Each structure stands twice: as C-alpha cells, then as structure tokens.
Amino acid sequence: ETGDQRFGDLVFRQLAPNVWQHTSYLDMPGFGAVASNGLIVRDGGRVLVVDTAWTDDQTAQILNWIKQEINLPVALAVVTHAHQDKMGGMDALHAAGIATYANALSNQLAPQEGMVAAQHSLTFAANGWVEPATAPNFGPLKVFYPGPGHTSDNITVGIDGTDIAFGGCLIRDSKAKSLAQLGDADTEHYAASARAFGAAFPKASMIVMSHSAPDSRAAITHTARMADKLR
C-alpha cells in the first residue's frame, strides 16, 4: 500500500513526522498471516519503541529498520501486555541494550506465558496514570492503565505533541465484528476500560491499535459498545 514500507517481512508506516507504526505477521491455522502493530517514536536524539514484534528475529528487523531509516539509538521500549504479539521479541531488545518497561503485572505473567519479562516494572496510581518514578525519562510517552479488558494487564500510551494514542489490543477498529477476546479478558470491566482510555486521551484523533489499521475515535466508542454486549 501507498505509504507502507516493506522491510524483510515487516511493514512500516509513517503516521507523523516522528511516529511510525511497525507491523509484523505470525502464521496461524485457519487465518494465515496475522498482523500485530506497534509504534516507533523519534524523541529528539533517541528512539522509543512501543511493543515488540511476534518474535525475536522480527524484533531485530525493527531495530535494523530504525538504524536504516532513523539512525538514532533506541533508548527504551514499553510493552503493553503479556501476549506474544507484544512481548515476543523481548530478547532482541535486551540483546541490543535497550531498557524495557512493562506493567508489573505483565512482568509477573510473562514467565507463565513463555515470554521474557521486561527489565523494569511500571506501577500505576489508583487513577490509572503511571507512577512517574517507574517510567523515568519517557519523553512524550504518557502511559495509562485503563483497567482490565483485553487482559488484566493491558496498558495504553499517548504520544505528547501528536494526535496519536495507542490502545494496543484493548481497542478494535470501528468495523470489527468481534473483540477477539479470550479467557484472560475481563468482560465485566472491558467496556469501562475502553471508555477510560478514551477519557485519558480525549484529544487524540488517530487511534492506533494492534490488530487494525489506525482509525478515528469511532474505534473507541465501537469497542466499548461491543464490550457492553459482553457484560
């Protein structure tokens, strides 16, 4: 697609002057290639990454692309929950010397899920905002825990200076037929958590998510309505 950059088996799409979406694919029975999206953010003289690819090899390719297209050191990465599409490439981040951050709950779940925990645990205030001492020097990344939904540990990220907020796997596109939630979903609170994401980033007009192309805020209201059906 126009605006998409193929790089090995990954796809990169510039979303804003300092923001790109990375996309990697995992082959799954019945579906073929399943895409997962993350973000790359240029912040002055460094790069920040949100979410790995499905695998270490793919995540190394993200770092390779950053070297080629941006040529600035990757300072830190934040992963948004303990599923393979978000934390599958933690090893490649650590081998590159990148400081990694995740919800403390994500780090506690990672071993059970067969993932590597991030090096640092984020903790959150009772109002959902990250405790700033657990997320030092995050630059424009505003990390918000909306409550359980897609998973108990899912977190979300707004990018200061842009119209962009990343709902991860919590938010689905405005035309999604289902939420694709599984047994680790909290179907009682999912709707309120989706709405709390909307409220935490009320001005964001481009909503980026893991398994759909970027959408309008209609993705948030649609997701919450579909989640209403689950309660």
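Heads up: residue numbers just count along the shown sequence, starting at 1.
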Is the mean CA B factor in the deposited entry higher across 126 to 134 or across 149 to 157? 126 to 134
On average, which has the higher Cα B-factor in the deposited entry, 99 to 107 or 116 to 124? 116 to 124
Comparing recorded Cα B-factors across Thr55, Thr187, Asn64, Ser193, which one is largest? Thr187
Test of reading the entry: by CA B factor among the chain's modelled residues, which third contains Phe31? highest
What third of the chain, by the recorded C-alpha B-factor, contains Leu15? lowest
By the recorded C-alpha temperature factor, relative to the other modelled residues in its chain, which third is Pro202 in? highest
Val208: which third of its chain by C-alpha temperature factor? lowest
Should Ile70 be placed in the lowest, middle or highest third of its chain by the C-alpha B factor in the entry? lowest
